[PDB]
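Here are the chains, one letter per residue:
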Amino acid sequence: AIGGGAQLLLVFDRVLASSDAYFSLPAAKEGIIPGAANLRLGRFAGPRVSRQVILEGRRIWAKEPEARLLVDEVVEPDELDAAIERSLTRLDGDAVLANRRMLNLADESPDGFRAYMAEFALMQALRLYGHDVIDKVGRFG
Amino acid sequence: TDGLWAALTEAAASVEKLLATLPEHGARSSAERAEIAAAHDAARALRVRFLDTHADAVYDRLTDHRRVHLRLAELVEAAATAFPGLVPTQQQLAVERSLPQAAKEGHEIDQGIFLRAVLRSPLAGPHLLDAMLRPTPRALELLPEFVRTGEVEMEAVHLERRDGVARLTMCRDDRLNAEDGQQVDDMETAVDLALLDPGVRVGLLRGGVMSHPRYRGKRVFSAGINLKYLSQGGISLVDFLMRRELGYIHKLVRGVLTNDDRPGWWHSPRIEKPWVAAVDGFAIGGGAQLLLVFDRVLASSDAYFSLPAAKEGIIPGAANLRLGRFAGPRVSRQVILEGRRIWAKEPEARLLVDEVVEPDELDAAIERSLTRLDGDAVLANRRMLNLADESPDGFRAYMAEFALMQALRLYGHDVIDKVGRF
Amino acid sequence: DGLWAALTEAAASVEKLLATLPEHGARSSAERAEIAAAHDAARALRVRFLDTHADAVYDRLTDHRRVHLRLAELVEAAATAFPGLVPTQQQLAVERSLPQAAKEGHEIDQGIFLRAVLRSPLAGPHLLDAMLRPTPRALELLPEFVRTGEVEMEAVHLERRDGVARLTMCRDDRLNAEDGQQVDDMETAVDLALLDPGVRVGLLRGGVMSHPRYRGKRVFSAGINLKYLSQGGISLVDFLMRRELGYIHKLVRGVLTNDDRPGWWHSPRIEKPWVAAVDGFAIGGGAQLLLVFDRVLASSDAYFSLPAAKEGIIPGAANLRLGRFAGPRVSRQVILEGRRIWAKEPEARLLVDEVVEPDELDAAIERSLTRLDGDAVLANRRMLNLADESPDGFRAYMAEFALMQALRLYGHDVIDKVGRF
Amino acid sequence: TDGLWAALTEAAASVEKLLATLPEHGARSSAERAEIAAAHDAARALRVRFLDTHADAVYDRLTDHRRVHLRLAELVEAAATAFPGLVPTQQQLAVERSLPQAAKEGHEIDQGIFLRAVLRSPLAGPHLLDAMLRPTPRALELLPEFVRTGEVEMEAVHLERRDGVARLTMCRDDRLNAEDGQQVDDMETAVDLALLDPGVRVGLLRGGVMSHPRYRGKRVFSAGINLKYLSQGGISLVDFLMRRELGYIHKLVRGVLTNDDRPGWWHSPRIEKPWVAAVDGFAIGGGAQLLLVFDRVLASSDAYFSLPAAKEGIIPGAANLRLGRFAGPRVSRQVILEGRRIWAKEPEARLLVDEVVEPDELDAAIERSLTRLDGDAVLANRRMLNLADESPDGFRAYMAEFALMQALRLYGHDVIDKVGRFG
Ligand SMILES: CC(C)(COP(=O)(O)OP(=O)(O)OC[C@H]1O[C@@H](n2cnc3c(N)ncnc32)[C@H](O)[C@@H]1OP(=O)(O)O)[C@@H](O)C(=O)NCCC(=O)NCCNC(=O)Cc1cc(O)cc(O)c1
Ligand SMILES: CC(C)(COP(=O)(O)OP(=O)(O)OC[C@H]1O[C@@H](n2cnc3c(N)ncnc32)[C@H](O)[C@@H]1OP(=O)(O)O)[C@@H](O)C(=O)NCCC(=O)NCCNC(=O)Cc1cc(O)cc(O)c1
Ligand SMILES: CC(C)(COP(=O)(O)OP(=O)(O)OC[C@H]1O[C@@H](n2cnc3c(N)ncnc32)[C@H](O)[C@@H]1OP(=O)(O)O)[C@@H](O)C(=O)NCCC(=O)NCCNC(=O)Cc1cc(O)cc(O)c1
């Protein structure tokens, strides 16, 4: 899960990963802001790990200790499909719905989000036309 | 004298009469199968009882009372003509070899019975091991040219001297370095050259770039034994399974036993050196085993290690003897009894690996570690370390039982059955 | 020489001294010292005599290592062929009828005897193989077990099912506290499991407890019965030594059978993989058990300990095996300092393979059983056990153990502590 | 009947003659230094062949068929005069000891060969090992006063009996407790006293407060062998490297072998007791080696442990035999083969240290750990534990090879070289 894909994980109620997978926000030196990751990663890994991942492109492997800051279950490719089906049945009731609503309200307030997206709107625009990014993007083949 | 030799002879003859009159392996009925099976068992049981009290006499007759060193191959061949019926003759072996495992009579087992008895002897045992620790005729022959050009090239390995480092690269690019009789021959030759060449101070083992489509341009350490060959009858109990353990692998640990030529021989009859292993992709089976004898192991962030054949495979060489020391009795069994695969990035990787590096900083981590093991201190300390971790008796006792246990596994129905599915 | 003559006298000197002297616990300080010095002189000669004749003393009892004799038959036969060397059934009956605090400690002589025997590169191996042979009681029960698949015993319930030998420790009233009868049942059960062709894998687990404090819940083992030990009911030979050389060694090396089947030439012993499932806790001899299984599961709320760091006896063969599992530091924390290890802490994985919430346990245990079925597991397990523990190591340790434990079994500090449970 | 002795006797003389005609070491020519070199080798190679078949015979002659117990020093000296040429003579060594390491002839190497062959013998080896396990005369001499006084000040060790504890404080306040011959003798004398004293139930080894300006006011466990003394040729292969391993260090494990006096001797011929070690500042080399032997080990949070001479040092004592048991093959080679240093506060420090406590709460933790090792259960259990961790054969076998290997390293140009740069 890289970039936009890795950003997506900071939003899920449950996250499974294959033992050989990794997660990263790679463009530490000449990329655009990694979506809402800058607003959410801290909540998941703390200030230090957030800056290692986003400021210095640190890549995190599924099987290392800190992967549990982002992934709930790391399973062998052979037993992966079964684990997914199993996790899908544990989130059915109304308790889950009520609780995740209260949890999300606490983790990310309406103001926290609106405020962030506001600045992001202009910051991400300027980066979208940054010579360094335009430059880096042209070399991808 | 005690009638044991007469009995065996009598038992071996009933076995030959049945193989001569009975229909081929696939066309035998239940009764016929039960009968040749009982015959094979009677003969083998007597091979055990005979050598149980005669092993030394027999061994002594083949090595002029332990005065001549004979490698595995020569030992079992000399024993075949000196004691017809004790172990398979070169010819019987040919017939066996020309057939797929499922149709073999399992004559190699008799060699496994032989080798076990020879290794259980506190006299014959050590002597045979020293034999395997001496340089191979092939290595001795290629030494001068290697010492000159600093490069050799074999069918499965590529040896190159450079800055005092012997560089062994396993290059079976089309089969993830699957092992076989030739790979073993090339590995031991290469290890001898590295140990005899005065310009080499440290060795290095690493898998080369693959050509196969699913691995194009990617390095791979080892996929273990060649399962196709094993299914086809091409994996030799003696020339492969036993040879690797007593040959090159045991040389990575104790060095090569030379002649009383060089100086200091009185306090170091063997020439040994430190070794570094670097794992790319993964180290499976036979290859994961190799890691249990290196001085330093480096691995790629994305590599994994395993001894997979938990349910229908053969014994993973000397791993059962060595894994406990590294990971303890629980992890060892989780790995061997249940095929638990260990990833380079999990905490327990540090039980088998010294360094795990991202694939973009690995070549430099390897080079840098090749300079940390140069001195004489390392040589002395390594010798003492291996002496404490693995005593001659412990290693000898293990291999002794291994010779027979592995022989039986090489012919187990389940093994033959799974390997046929690869 | 004349060591025998000397011993016979030192013994006589003791035997007559006990007839005139008043009953133990009624003796004066000067009296206790006299009988003490007498035993000491007697026992010193026992060691001196066996240090040079153990092999001959053994060759006579076993017809030159031609007849296998289990522990009980050996010491009994020794008692009659060499009066004074070891206690007669008679001398021992008097002892067994007294609480530990009042025994003369005659078992110590048996400790002296078994140590010399086990120390011999000739007799020790022969005695070990004797203990590895199947118990006569198991042979008797084998046909009925092969047919019924069930055997209810006093301390264990055995049931064959889906190729699994299910042994259940069921002393529901005392948290499976060990005693002589439990050892007989355990060995009988292990022997049956290994001899039945219908069994492929074995499983050891504790059953539901009836005691009010644990009613409805399973409990693996609370160790040796401390009450009986105080009472003088724990036998050095029949309990302490029998379990180590008997069923526990068979869990590792299987049972030595007769040359009566094919393949015996490469496998004289029949071994099989074992799984242990720990509910509640495993203390003492129970935790000791764990260091011998191929697979160990435990419920998330369990713990492991060898508590008597203070005033206890040697925790069996844990001193021999724990180092291998935990290293020398943790090993000494558990046995010298009594550190208890919980199932959910990191280091519990040094002893347990799998820890599961009690409502997921049965499923996990079943799954574990089916993974150890094949012939590959058999070969691998045999080679691993061979590398993890050599014949000499186990033998040398069990040799000194025989005596060291004998001595601890009669130490004032142990007797006192045991009397307070 | 064999002639090897004769061949040896010649080669030995063939060397003496040359060392007689040839000049002083250093003032020799390339051709000379190689003429004497091939002389020693030829002779030492014969000492090996000779002992490889006559060792038991040569040993039985010096000890009246293993009926007399002789410590290392006595042994190697009794064999010198009884077997001229097999090993250095007393004064032949006083000369060596008066030359700095880089100039010595390497005569000790002959003792290396001797001891190796003696410990390789299943009969002689155990006998010698027992001789070293017996109390030293110096200890037996001071036992009574210690019992009365409870105190003894030695040159490198302060010993004090307090609350059932033998408190041993390594007190070389000026050199960070660097080790030497006297230190070994003092440690063995102290360890002997602790074991013989009936008022001692548990022993303790700690480093005292230092005085050197760079550590004034702070405790330090050990900085290993004295490199200066080593460079200066004052580190005896026998009376230091071998003595410490077979004497006090082996005694910390197996205790002292007494005579058939006290009762219960028939079941416990040796007197052993549990030992606790508290590490202040750091434990390096010989000091770190020591930790692999203790029943309990405490360390200050700011301390570290290491066997630093990965590239040009001598074998770190018995560490090569024991570290694996504690940290596994991989960590052992990282520590010993590559000088990896381990800090008290990192996860793997628990492979060597039981308790890491803050300097402010350290003293209290030590006193607390000293009370948990008193009973008979502990004594019985540690005896069984030590028998399982390190068999008599494992140890004898290791010390045998170590004897010759450590000798060769003791005269290795790379080590002699490194040692001379320490300042
Ligand atoms: C490694 C793999 C997972 C790779 O998966 P993929 O990415 O799916 O690659 P694949 O397409 O399967 O294989 C790539 C390529 O390599 C070939 N390959 C891969 N593994 C092997 C082996 N083991 N042998 C031969 N050829 C092999 C494979 O056949 C492919 O070519 P094609 O057959 O023509 O397609 C797979 O190849 C595999 O599962 N191999 C099984 C590995 C294995 O189980 N080895 C068994 C090890 N067992 C021992 O070493 C036993 C042993 C060895 C000893 O040395 C000593 C001893 O005492 C005991
Ligand atoms: C397990 C416990 C902590 C349980 O605490 P609780 O929940 O407080 O239950 P309790 O009320 O105490 O006990 C429940 C019940 O079981 C009985 N019980 C519990 N443990 C025991 C033991 N060990 N023996 C007998 N009965 C016992 C207890 O007496 C109660 O019945 P009542 O007395 O009538 O009330 C407690 O019972 C306990 O501390 N037992 C001590 C456990 C112990 O120390 N065992 C010592 C082990 N030492 C060895 O195994 C030594 C050994 C054994 C060997 O097999 C070999 C060898 O070489 C060496
Ligand atoms: C400990 C140190 C890191 C301290 O650094 P600092 O804070 O920088 O203090 P320093 O200024 O260097 O030293 C303080 C003080 O102690 C002295 N000191 C420190 N270490 C030593 C040693 N090893 N020897 C002598 N004197 C020493 C040092 O010379 C200083 O006094 P001055 O020389 O007059 O200035 C440093 O002293 C050092 O690196 N010592 C090297 C430690 C070492 O490598 N010891 C080698 C151990 N190797 C063995 O034990 C081998 C061995 C021992 C055995 O016992 C048995 C066996 O079989 C094998």
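Method-wise, the PDB entry is recorded as coming from X-ray crystallography, at a reported resolution of 2.45 Å.

The name the PDB entry gives chain C is DpgC, with Streptomyces toyocaensis as the organism. Recorded in UniProt for chain C, the comment headed Catalytic activity runs: "(3,5-dihydroxyphenyl)acetyl-CoA + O2 = 2-(3,5-dihydroxyphenyl)-2-oxoacetate + CoA + H(+)". As recorded by UniProt, the Sequence similarities comment attached to chain C reads in full: "Belongs to the enoyl-CoA hydratase/isomerase family."

As annotated in the PDB entry, chain A is DpgC from Streptomyces toyocaensis.

*Asks:* Hey, could you run me through the overall build of chain C in this one?
*Replies:* Summing up its helical and strand segments, chain C has 17 helices and 12 strands in all. Rg of the C-alpha trace for chain C: 22 Å, near the compact-globule value of 22 Å for 421 residues, within the 12% margin. Each principal axis of the C-alpha distribution contributes one length, and for chain C these read about 65 × 50 × 40 Å. Counting only contacts in chain C whose residues sit at least 6 apart along the sequence, the fraction spanning at least 24 positions is 71%.

*Asks:* What is the right way to read the sheet that holds strand β10 (residues 303–305) of chain C from this model?
*Replies:* Within a beta sheet, neighbouring strands are joined by backbone hydrogen bonds and run either parallel or antiparallel to one another. All names here are of chain C. Overall, mixed pairing links the three strands, which are arranged β8-β10-β11 in an open sheet. Two strands lie at the open edges of the sheet, namely β8 (281–283) and β11 (341–342), each paired on one side alone. Judged from the two bridges that link them, β10 and β11 form a sheet pairing that is antiparallel. The residue bridging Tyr-303 from the neighbouring strand is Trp-342, located in β11.

*Asks:* Teacher, can you tell me more about the interface of chain B and chain A here?
*Replies:* By a widely used convention, the size of an interface equals the accessible area lost when the partners come together. Taken together, the nine residues of chain B in the interface contact nine residues of chain A. Taking both partners together, chain B and chain A bury about 770 Å²; carbon and sulfur atoms supply 59% of that area. Across the contact surface, chain B and chain A share two salt bridges. Residue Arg341(B) is joined to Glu76(A) by a salt bridge in which the shortest nitrogen-to-oxygen separation is 3.2 Å. The tally of links from chain B across to chain A stands at four residue pairs in polar contact.

*Asks:* What is the right way to read the site of ligand 3 from this model?
*Replies:* All names here are of chain D. Around ligand 3, the structure places 28 residues, and the nearest of them are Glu-179, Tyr-215, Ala-223, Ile-225 and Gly-286. Here an oxygen atom of ligand 3 sits 2.7 Å away from a polar atom, N or O, in the main chain of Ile-225. Between an oxygen atom of ligand 3 and a side-chain N or O atom of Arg-244, the distance comes to 2.9 Å. The fraction of the free accessible surface of ligand 3 (1,000 Å²) that becomes covered by protein chains is 75%. Secondary-structure elements contributing two or more residues to the shell around ligand 3 are α9 (227–231), α10 (237–246), β8 (282–284) and α12 (286–290). When residues in the shell around ligand 3 are grouped by element, the largest group, four residues, is from α10. Split into classes, the residues belonging to the shell around ligand 3 amount to 14 nonpolar, eight polar and six charged.

*Asks:* Looking at this structure, I do not really get the nonpolar core. What am I missing?
*Replies:* Taken as a class, soluble globular proteins show a tendency for nonpolar side chains to be buried jointly. Formed by 136 residues in total, the largest nonpolar core has its most connected members in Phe114(B), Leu115(B), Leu168(B) and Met242(B). Here this core gets 11 residues from one element, more than from any other, and that element is helix α2 (residues 30–62) of chain B. Excluding anything up to four places from it in sequence, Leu168(B) contacts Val157(B), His158(B), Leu159(B), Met187(B), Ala190(B), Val191(B), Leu204(B), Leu205(B), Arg206(B) and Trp275(B). Core analysis: the next-biggest nonpolar cluster, separate from the first, contains 135 residues, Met131(C), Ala189(C), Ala298(C) and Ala302(C) among them.

*Asks:* Can you help me understand the interface of chain C and chain D in this one?
*Replies:* Taken together, the contacts link 34 residues of chain C with 34 residues of chain D. Here chain C packs against chain D, burying approximately 2,800 Å² in sum over the two surfaces, 59% of which is carbon and sulfur. Of all residues in chain C, the largest losses of buried area upon contact with chain D belong to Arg329(C), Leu336(C) and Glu337(C), amounting jointly to 26% of the total for that side. For the interface between chain C and chain D, the tally reads four salt bridges. The residue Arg329(C) makes a salt bridge to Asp354(D) at a minimum N-O spacing of 3.4 Å. Summed over the shared surface of chain C and chain D, the number is 10 residue pairs in polar contact. Within the residue set of the side of chain C that touches chain D, elements represented by two or more residues are α2 (29–61), α5 (107–119), α13 (318–335) and α16 (391–408) of chain C. For the side of chain C that touches chain D, the leading source of residues is α13(C), giving 10 residues.

Rules and cut-offs
- Residues numbered from 1 in each chain as written, not as in the entry; some residues may be left out.
- Chains lettered and ligands numbered in written order.
- Part of a larger assembly, values for the part shown.
- Heavy atoms only, no water.
- Residues with missing side-chain atoms left out of burial classes, pairs and counts.
- UniProt positions renumbered as here; feature names shortened; annotations may be inferred.
- Helix = DSSP H or I, 4+ residues; strand = E, 2+ residues; numbered from the N terminus.
- Rg over C-alpha atoms; globule rule 2.2 N^0.38 Å.
- Contact = heavy atoms within 4.5 Å.
- Pairing = 2+ DSSP bridges.
- Buried area = accessible area lost by both parts, 1.4 Å probe.
- Salt bridge = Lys/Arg side-chain N within 4 Å of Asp/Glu carboxyl O.
- Polar contact = N/O pair within 3.5 Å; in protein donor to acceptor, adjacent residues only side chain to side chain.
- Near = heavy atom within 4 Å.
- Areas by Shrake-Rupley, 256 points an atom, 1.4 Å probe, with all protein chains shown as cover.
- Nonpolar A, V, L, I, M, F, W, Y, C, P; charged D, E, K, R; others polar.
- Core = buried A, V, L, I, M, F, W, Y, C linked by side-chain atoms within 4.5 Å.
- Buried < 20%, exposed > 50% of the residue type's maximum accessible area, 1.4 Å probe, protein only.

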